[PDB]
Protein chains: 2
Amino acid sequence: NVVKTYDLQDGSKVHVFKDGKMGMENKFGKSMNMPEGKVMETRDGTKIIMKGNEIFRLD
Amino acid sequence: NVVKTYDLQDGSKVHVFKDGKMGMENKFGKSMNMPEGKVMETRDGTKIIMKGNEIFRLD
Ligand SMILES: [Cu+2]
Ligand SMILES: [Cu+2]
């Protein structure tokens, strides 16, 4: 179902689904409200940001 | 002097200069500030967004 998952510094995660949908979870796996316009950083140092339910990655 | 250029669908351009500074030009070549927190569509399809003086690109 998930086509991609971002593994964020803070232990939270963002799943991207086959259907274009997106979902974020805290370090406890509980579902969260995803922040818009806020830079998030992955485990491996990649910076991303969400806007209009799409994901942008630091170029 | 211009290290990177994005050609947008609205006729304007974004420049990233060799120094680090960032600017936009309009259709007429008029230099302006880089719009922050706004998605912009490139002629070649991509969308970008600037936040805190970093460019992020659709993933
Ligand atoms: Cu999960
Ligand atoms: Cu120019």
# chains A, B, ... in the order shown; residues from 1 in each chain; ligands from 1
$ residues_around --residues "residue A:11" --least-positions-apart "3" --cutoff "7 Å" --atoms "only C-alpha atoms" --output "PDB file with C-alpha atoms, in the first residue's frame"
ATOM      1  CA  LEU A   8      12.256  11.516  10.104  1.00  0.00           C
ATOM      2  CA  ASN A  26       4.734   9.864  15.544  1.00  0.00           C
ATOM      3  CA  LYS A  27       7.541   7.798  17.076  1.00  0.00           C
TER       4      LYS A  27
END
$ closest_atom_pairs --of "chain B" --to "ligand 2" --cutoff "10 Å" --atoms "only C-alpha atoms and all ligand atoms" --output "JSON lines"
{"residue": "B:1", "atom": "CA", "partner": "ligand 2", "partner_atom_place_in_ligand_line": "1 (Cu)", "distance": 9.6}
{"residue": "B:2", "atom": "CA", "partner": "ligand 2", "partner_atom_place_in_ligand_line": "1 (Cu)", "distance": 7.5}
{"residue": "B:4", "atom": "CA", "partner": "ligand 2", "partner_atom_place_in_ligand_line": "1 (Cu)", "distance": 9.9}
{"residue": "B:5", "atom": "CA", "partner": "ligand 2", "partner_atom_place_in_ligand_line": "1 (Cu)", "distance": 7.9}
{"residue": "B:12", "atom": "CA", "partner": "ligand 2", "partner_atom_place_in_ligand_line": "1 (Cu)", "distance": 9.6}
{"residue": "B:13", "atom": "CA", "partner": "ligand 2", "partner_atom_place_in_ligand_line": "1 (Cu)", "distance": 7.2}
{"residue": "B:14", "atom": "CA", "partner": "ligand 2", "partner_atom_place_in_ligand_line": "1 (Cu)", "distance": 7.8}
{"residue": "B:15", "atom": "CA", "partner": "ligand 2", "partner_atom_place_in_ligand_line": "1 (Cu)", "distance": 6.5}
{"residue": "B:16", "atom": "CA", "partner": "ligand 2", "partner_atom_place_in_ligand_line": "1 (Cu)", "distance": 9.6}
{"residue": "B:17", "atom": "CA", "partner": "ligand 2", "partner_atom_place_in_ligand_line": "1 (Cu)", "distance": 9.7}
{"residue": "B:23", "atom": "CA", "partner": "ligand 2", "partner_atom_place_in_ligand_line": "1 (Cu)", "distance": 8.7}
{"residue": "B:24", "atom": "CA", "partner": "ligand 2", "partner_atom_place_in_ligand_line": "1 (Cu)", "distance": 8.0}
{"residue": "B:25", "atom": "CA", "partner": "ligand 2", "partner_atom_place_in_ligand_line": "1 (Cu)", "distance": 6.4}
{"residue": "B:26", "atom": "CA", "partner": "ligand 2", "partner_atom_place_in_ligand_line": "1 (Cu)", "distance": 9.3}
{"residue": "B:29", "atom": "CA", "partner": "ligand 2", "partner_atom_place_in_ligand_line": "1 (Cu)", "distance": 6.8}
{"residue": "B:30", "atom": "CA", "partner": "ligand 2", "partner_atom_place_in_ligand_line": "1 (Cu)", "distance": 8.7}
{"residue": "B:31", "atom": "CA", "partner": "ligand 2", "partner_atom_place_in_ligand_line": "1 (Cu)", "distance": 7.8}
$ write_last_selection --atoms "C-alpha atoms" --output "PDB file, in the first residue's frame"
ATOM      1  CA  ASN B   1      27.363  34.748 -11.889  1.00  0.00           C
ATOM      2  CA  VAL B   2      24.107  32.773 -12.052  1.00  0.00           C
ATOM      3  CA  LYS B   4      21.102  28.082 -11.335  1.00  0.00           C
ATOM      4  CA  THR B   5      17.998  29.222 -13.203  1.00  0.00           C
ATOM      5  CA  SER B  12       9.305  34.611 -14.959  1.00  0.00           C
ATOM      6  CA  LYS B  13      12.639  33.122 -13.869  1.00  0.00           C
ATOM      7  CA  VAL B  14      14.331  32.271 -10.580  1.00  0.00           C
ATOM      8  CA  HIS B  15      18.056  32.774 -10.155  1.00  0.00           C
ATOM      9  CA  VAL B  16      20.406  31.333  -7.592  1.00  0.00           C
ATOM     10  CA  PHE B  17      23.646  33.306  -7.737  1.00  0.00           C
ATOM     11  CA  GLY B  23      16.138  36.338  -6.802  1.00  0.00           C
ATOM     12  CA  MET B  24      13.290  36.243  -9.248  1.00  0.00           C
ATOM     13  CA  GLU B  25      12.918  38.142 -12.515  1.00  0.00           C
ATOM     14  CA  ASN B  26       9.568  38.867 -14.120  1.00  0.00           C
ATOM     15  CA  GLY B  29      13.535  41.077 -16.761  1.00  0.00           C
ATOM     16  CA  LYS B  30      12.736  43.089 -13.604  1.00  0.00           C
ATOM     17  CA  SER B  31      14.653  41.785 -10.570  1.00  0.00           C
TER      18      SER B  31
END
$ select_by_dssp --residues "chain A" --states "strand (DSSP E or B)" --output "PDB file with N, CA, C and O atoms, in the first residue's frame"
ATOM      1  N   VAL A   2       1.895   1.280   0.825  1.00  0.00           N
ATOM      2  CA  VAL A   2       2.852   2.367   0.942  1.00  0.00           C
ATOM      3  C   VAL A   2       3.865   2.223  -0.182  1.00  0.00           C
ATOM      4  O   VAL A   2       4.375   1.132  -0.401  1.00  0.00           O
ATOM      5  N   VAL A   3       4.159   3.311  -0.895  1.00  0.00           N
ATOM      6  CA  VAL A   3       5.123   3.265  -2.000  1.00  0.00           C
ATOM      7  C   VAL A   3       6.471   3.887  -1.623  1.00  0.00           C
ATOM      8  O   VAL A   3       7.475   3.704  -2.326  1.00  0.00           O
ATOM      9  N   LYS A   4       6.471   4.618  -0.506  1.00  0.00           N
ATOM     10  CA  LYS A   4       7.622   5.378  -0.032  1.00  0.00           C
ATOM     11  C   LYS A   4       7.361   5.830   1.397  1.00  0.00           C
ATOM     12  O   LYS A   4       6.241   6.200   1.737  1.00  0.00           O
ATOM     13  N   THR A   5       8.402   5.805   2.229  1.00  0.00           N
ATOM     14  CA  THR A   5       8.291   6.237   3.614  1.00  0.00           C
ATOM     15  C   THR A   5       9.478   7.093   3.996  1.00  0.00           C
ATOM     16  O   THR A   5      10.613   6.693   3.804  1.00  0.00           O
ATOM     17  N   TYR A   6       9.215   8.260   4.571  1.00  0.00           N
ATOM     18  CA  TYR A   6      10.282   9.109   5.038  1.00  0.00           C
ATOM     19  C   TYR A   6      10.527   8.828   6.506  1.00  0.00           C
ATOM     20  O   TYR A   6       9.599   8.826   7.302  1.00  0.00           O
ATOM     21  N   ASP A   7      11.781   8.580   6.863  1.00  0.00           N
ATOM     22  CA  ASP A   7      12.115   8.221   8.240  1.00  0.00           C
ATOM     23  C   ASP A   7      12.719   9.427   8.936  1.00  0.00           C
ATOM     24  O   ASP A   7      13.913   9.676   8.835  1.00  0.00           O
ATOM     25  N   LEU A   8      11.881  10.178   9.642  1.00  0.00           N
ATOM     26  CA  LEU A   8      12.256  11.516  10.104  1.00  0.00           C
ATOM     27  C   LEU A   8      13.082  11.514  11.387  1.00  0.00           C
ATOM     28  O   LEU A   8      12.891  10.653  12.248  1.00  0.00           O
ATOM     29  N   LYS A  13       7.266   9.394  11.101  1.00  0.00           N
ATOM     30  CA  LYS A  13       7.394   8.888   9.738  1.00  0.00           C
ATOM     31  C   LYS A  13       6.316   9.439   8.849  1.00  0.00           C
ATOM     32  O   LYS A  13       5.223   9.758   9.302  1.00  0.00           O
ATOM     33  N   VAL A  14       6.625   9.512   7.563  1.00  0.00           N
ATOM     34  CA  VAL A  14       5.628   9.872   6.587  1.00  0.00           C
ATOM     35  C   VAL A  14       5.566   8.815   5.511  1.00  0.00           C
ATOM     36  O   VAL A  14       6.560   8.539   4.846  1.00  0.00           O
ATOM     37  N   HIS A  15       4.392   8.209   5.378  1.00  0.00           N
ATOM     38  CA  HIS A  15       4.111   7.207   4.363  1.00  0.00           C
ATOM     39  C   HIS A  15       3.490   7.882   3.136  1.00  0.00           C
ATOM     40  O   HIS A  15       2.601   8.743   3.266  1.00  0.00           O
ATOM     41  N   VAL A  16       3.937   7.486   1.946  1.00  0.00           N
ATOM     42  CA  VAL A  16       3.251   7.884   0.729  1.00  0.00           C
ATOM     43  C   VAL A  16       2.606   6.642   0.127  1.00  0.00           C
ATOM     44  O   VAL A  16       3.269   5.629  -0.065  1.00  0.00           O
ATOM     45  N   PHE A  17       1.311   6.711  -0.154  1.00  0.00           N
ATOM     46  CA  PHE A  17       0.569   5.544  -0.624  1.00  0.00           C
ATOM     47  C   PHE A  17       0.440   5.445  -2.141  1.00  0.00           C
ATOM     48  O   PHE A  17       0.692   6.410  -2.852  1.00  0.00           O
ATOM     49  N   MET A  22      -1.137  10.511   1.610  1.00  0.00           N
ATOM     50  CA  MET A  22       0.010  10.731   2.473  1.00  0.00           C
ATOM     51  C   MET A  22      -0.462  10.605   3.913  1.00  0.00           C
ATOM     52  O   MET A  22      -1.586  11.006   4.242  1.00  0.00           O
ATOM     53  N   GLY A  23       0.389  10.052   4.772  1.00  0.00           N
ATOM     54  CA  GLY A  23       0.063   9.923   6.176  1.00  0.00           C
ATOM     55  C   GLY A  23       1.318   9.981   7.011  1.00  0.00           C
ATOM     56  O   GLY A  23       2.348   9.438   6.624  1.00  0.00           O
ATOM     57  N   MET A  24       1.220  10.626   8.166  1.00  0.00           N
ATOM     58  CA  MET A  24       2.350  10.813   9.056  1.00  0.00           C
ATOM     59  C   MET A  24       2.046  10.188  10.410  1.00  0.00           C
ATOM     60  O   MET A  24       0.912  10.218  10.874  1.00  0.00           O
ATOM     61  N   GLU A  25       3.070   9.648  11.058  1.00  0.00           N
ATOM     62  CA  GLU A  25       2.877   9.026  12.358  1.00  0.00           C
ATOM     63  C   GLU A  25       3.993   9.459  13.284  1.00  0.00           C
ATOM     64  O   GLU A  25       5.104   9.731  12.836  1.00  0.00           O
ATOM     65  N   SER A  31      -1.126   8.000  14.643  1.00  0.00           N
ATOM     66  CA  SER A  31      -1.321   8.879  13.522  1.00  0.00           C
ATOM     67  C   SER A  31      -1.280  10.350  13.958  1.00  0.00           C
ATOM     68  O   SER A  31      -1.739  10.705  15.046  1.00  0.00           O
ATOM     69  N   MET A  32      -0.716  11.195  13.096  1.00  0.00           N
ATOM     70  CA  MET A  32      -0.547  12.611  13.364  1.00  0.00           C
ATOM     71  C   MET A  32      -1.133  13.462  12.262  1.00  0.00           C
ATOM     72  O   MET A  32      -1.362  13.003  11.149  1.00  0.00           O
ATOM     73  N   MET A  40      11.237  19.281   7.488  1.00  0.00           N
ATOM     74  CA  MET A  40      11.383  18.046   8.233  1.00  0.00           C
ATOM     75  C   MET A  40      12.683  17.426   7.753  1.00  0.00           C
ATOM     76  O   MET A  40      13.041  17.573   6.592  1.00  0.00           O
ATOM     77  N   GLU A  41      13.411  16.750   8.631  1.00  0.00           N
ATOM     78  CA  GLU A  41      14.671  16.158   8.209  1.00  0.00           C
ATOM     79  C   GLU A  41      14.664  14.664   8.441  1.00  0.00           C
ATOM     80  O   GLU A  41      14.276  14.196   9.505  1.00  0.00           O
ATOM     81  N   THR A  42      15.098  13.919   7.433  1.00  0.00           N
ATOM     82  CA  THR A  42      15.103  12.468   7.498  1.00  0.00           C
ATOM     83  C   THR A  42      16.282  11.984   8.306  1.00  0.00           C
ATOM     84  O   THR A  42      17.167  12.762   8.667  1.00  0.00           O
ATOM     85  N   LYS A  47      16.399  17.044   3.788  1.00  0.00           N
ATOM     86  CA  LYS A  47      15.396  17.990   4.245  1.00  0.00           C
ATOM     87  C   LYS A  47      14.209  17.987   3.271  1.00  0.00           C
ATOM     88  O   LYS A  47      14.398  18.042   2.056  1.00  0.00           O
ATOM     89  N   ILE A  48      12.996  17.912   3.817  1.00  0.00           N
ATOM     90  CA  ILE A  48      11.764  17.986   3.037  1.00  0.00           C
ATOM     91  C   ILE A  48      10.752  18.957   3.645  1.00  0.00           C
ATOM     92  O   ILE A  48      10.868  19.376   4.793  1.00  0.00           O
ATOM     93  N   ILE A  49       9.737  19.290   2.857  1.00  0.00           N
ATOM     94  CA  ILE A  49       8.683  20.174   3.294  1.00  0.00           C
ATOM     95  C   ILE A  49       7.387  19.779   2.591  1.00  0.00           C
ATOM     96  O   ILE A  49       7.395  19.357   1.439  1.00  0.00           O
ATOM     97  N   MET A  50       6.271  19.883   3.291  1.00  0.00           N
ATOM     98  CA  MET A  50       4.995  19.602   2.661  1.00  0.00           C
ATOM     99  C   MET A  50       4.245  20.885   2.341  1.00  0.00           C
ATOM    100  O   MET A  50       4.187  21.818   3.156  1.00  0.00           O
ATOM    101  N   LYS A  51       3.665  20.904   1.146  1.00  0.00           N
ATOM    102  CA  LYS A  51       2.804  21.984   0.698  1.00  0.00           C
ATOM    103  C   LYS A  51       1.714  21.432  -0.227  1.00  0.00           C
ATOM    104  O   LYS A  51       1.996  20.684  -1.172  1.00  0.00           O
ATOM    105  N   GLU A  54       1.582  17.820  -1.194  1.00  0.00           N
ATOM    106  CA  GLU A  54       2.723  17.287  -1.944  1.00  0.00           C
ATOM    107  C   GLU A  54       4.018  17.486  -1.179  1.00  0.00           C
ATOM    108  O   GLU A  54       4.148  18.418  -0.382  1.00  0.00           O
ATOM    109  N   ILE A  55       4.988  16.619  -1.459  1.00  0.00           N
ATOM    110  CA  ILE A  55       6.286  16.665  -0.803  1.00  0.00           C
ATOM    111  C   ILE A  55       7.413  17.262  -1.674  1.00  0.00           C
ATOM    112  O   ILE A  55       7.661  16.809  -2.792  1.00  0.00           O
ATOM    113  N   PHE A  56       8.091  18.279  -1.142  1.00  0.00           N
ATOM    114  CA  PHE A  56       9.227  18.890  -1.814  1.00  0.00           C
ATOM    115  C   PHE A  56      10.501  18.553  -1.035  1.00  0.00           C
ATOM    116  O   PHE A  56      10.509  18.537   0.192  1.00  0.00           O
ATOM    117  N   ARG A  57      11.574  18.276  -1.769  1.00  0.00           N
ATOM    118  CA  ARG A  57      12.839  17.861  -1.185  1.00  0.00           C
ATOM    119  C   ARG A  57      13.868  18.915  -1.496  1.00  0.00           C
ATOM    120  O   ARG A  57      13.873  19.480  -2.586  1.00  0.00           O
ATOM    121  N   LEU A  58      14.732  19.192  -0.528  1.00  0.00           N
ATOM    122  CA  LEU A  58      15.787  20.168  -0.718  1.00  0.00           C
ATOM    123  C   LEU A  58      16.616  19.834  -1.939  1.00  0.00           C
ATOM    124  O   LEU A  58      17.157  18.749  -2.047  1.00  0.00           O
TER     125      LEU A  58
END
